[PDB]
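See below for the structure under consideration.
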């Protein structure tokens, strides 16, 4: 139930296809409902969701990169800001270490 | 028929003329826009773009 | 009058010809220069440009 | 890339857009008005001398 995210700058405009974060799981118990999502920051500073993906299946106990493909491409432009949020709304209760 | 052919050729030349002028204007504007925009500094390097 | 009009049209076509050639040369040279120049590494990333 | 053949830069501008833009450093003795593009041509902005 605790979500953490950071702002990402855009250097050159392109089409995004995947997002990555460095995280792992503390215990070896089964986990689910771990989501990585992307938010665009508007002019007013509000965050709008433009994509999300479940990454609980491919997580590993060892600290390793997690790369997940978005459902569809999200065009980005230089000058705007984006946030990659990890949600971790799991049901079993195993914590996530980022 | 000779005058009709001259009419057709002049119309074709006018079409080519306007297309070339429009293409030149569009190309130069594309150059200027690409030069104006482009790479911007990321968020961690600076606050400003 | 017909020959005078032909003279005027030929002069206009020559003007368009030279302007288009000059514009083509300028556009190509500008693109080449922009490709040659551009982003350079900052002072902290490396010593050389 | 210590040494490299310096390509002779060339630039062009048709002045065929909405505003002068960031590609031109503007300085005037008027105080507020600068070179303004209108009708696809650069010109003087304002009625000041």
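Protein chains in written order, with our numbering: chain B, 3 to 100; chain V, 25 to 73; chain L, 25 to 73; chain S, 1205 to 1253. Note that the Cβ used here is the ideal one computed from N, Cα and C, for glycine as well.
Contact under 7 Å by Cβ, residue i with residue j
{"i": "residue 54 of chain B", "j": "residue 26 of chain B", "result": "no"}
{"i": "residue 1215 of chain S", "j": "residue 54 of chain L", "result": "yes"}
{"i": "residue 1227 of chain S", "j": "residue 1239 of chain S", "result": "no"}
{"i": "residue 85 of chain B", "j": "residue 12 of chain B", "result": "no"}
{"i": "residue 41 of chain B", "j": "residue 51 of chain B", "result": "yes"}
{"i": "residue 82 of chain B", "j": "residue 22 of chain B", "result": "no"}
Spatial distance of residue i from residue j (CA atoms)
{"i": "residue 35 of chain V", "j": "residue 60 of chain V", "result": "38 Å"}
{"i": "residue 52 of chain L", "j": "residue 43 of chain V", "result": "19 Å"}
{"i": "residue 73 of chain B", "j": "residue 46 of chain B", "result": "26 Å"}
{"i": "residue 38 of chain V", "j": "residue 49 of chain L", "result": "23 Å"}
{"i": "residue 89 of chain B", "j": "residue 98 of chain B", "result": "10 Å"}
{"i": "residue 87 of chain B", "j": "residue 5 of chain B", "result": "7 Å"}
{"i": "residue 32 of chain V", "j": "residue 41 of chain V", "result": "14 Å"}
{"i": "residue 33 of chain B", "j": "residue 10 of chain B", "result": "27 Å"}
{"i": "residue 102 of chain B", "j": "residue 93 of chain B", "result": "The requested residue 102 of chain B does not occur in the structure, where chain B is confined to residues 3 to 100."}
{"i": "residue 45 of chain L", "j": "residue 49 of chain B", "result": "51 Å"}
DSSP three-state assignment for residue i, whether helix, strand or coil
{"i": "residue 1253 of chain S", "result": "coil"}
{"i": "residue 100 of chain B", "result": "coil"}
{"i": "residue 30 of chain V", "result": "helix"}
{"i": "residue 73 of chain V", "result": "coil"}
{"i": "residue 60 of chain V", "result": "helix"}
{"i": "residue 25 of chain V", "result": "coil"}
{"i": "residue 54 of chain V", "result": "helix"}
{"i": "residue 1222 of chain S", "result": "coil"}
Option nearest residue i by Cα separation, candidates the options
{"i": "residue 91 of chain B", "options": "B:20, B:83, B:57 and B:23", "result": "B:57"}
{"i": "residue 1213 of chain S", "options": "L:73, L:71, L:62 and L:72", "result": "L:62"}
{"i": "residue 19 of chain B", "options": "B:75, B:87, B:84 and B:94", "result": "B:75"}
{"i": "residue 1222 of chain S", "options": "S:1247, S:1252 and S:1251", "result": "S:1247"}
{"i": "residue 57 of chain V", "options": "S:1209, S:1205, S:1211 and S:1224", "result": "S:1224"}
{"i": "residue 17 of chain B", "options": "B:100, B:80, B:94 and B:96", "result": "B:80"}
Inset, instruction - Can you check the stretch 5 to 79 of chain B for any beta strand (DSSP E) of at least 3 residues that lies completely inside it and give the ranges in chain order? - result: 6 to 11, 16 to 27, 37 to 43, 49 to 56 and 66 to 78
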